[PDB]
């Protein structure tokens, strides 16, 4: 394996709009979230990172934060709530909020760069923007990649055209991380090496 073993315990929060979208059916939502996690786990296999779903929270009554059009603003409110409320329910390493919100600027996902394990900044916000589970899962994986210190693929640095960290998603989206991405992850493990992902569940 090119990389040493790491583990990311995810918390996934499904907002009220997404709950409504899926006919307020908890079972159906849980199945969809598990299928997403199985895809994130598959995509991280070449990075030697075992991905688990530590916690699933479905906002079946109302939104606990204002899930608004600006994704970065929503991410900050989510990181705050994650630190103050979600982490108190069960420890986990990274949390993503899934929503049906039509984020501004045609945004389908957003996350802080290189802040994996941070109590407030180890988060991403992702729009459930396709009926295709894989398309949403690869968006979750792209944001996870940013949180692991990855920037977008650059043709001078690597040749992959449809890898996970491509600057823009496409219909032909690949499930692979480019060499640009693997090199950024190596840099992250060497310079940041956060302790929470060294810990197996």
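Numbering follows the first chain given and starts at 1.
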Higher-B stretch (mean Cα B-factor, as the entry records it), 14 to 22 or 175 to 183: 14 to 22
Of 62 to 70 and 134 to 142, the stretch whose C-alpha atoms average the higher B-factor in the entry: 62 to 70
Highest-ranked of 147, 48, 170, 39 once sorted by CA temperature factor in the record: 170
Largest Cα B-factor, entry values, listed residues 117, 95, 85, 108: 85
Record-listed C-alpha B factor of residue 129: chain third: middle
Third of the chain, ranked by Cα B-factor, where residue 122 sits: lowest
CA B-factor placement of residue 102, once the chain's modelled residues are sorted into thirds: middle
Ranked C-alpha temperature factor of residue 34 among modelled chain residues, by third: lowest
Cα B factor band for residue 28 (lowest, middle or highest third within the chain): highest
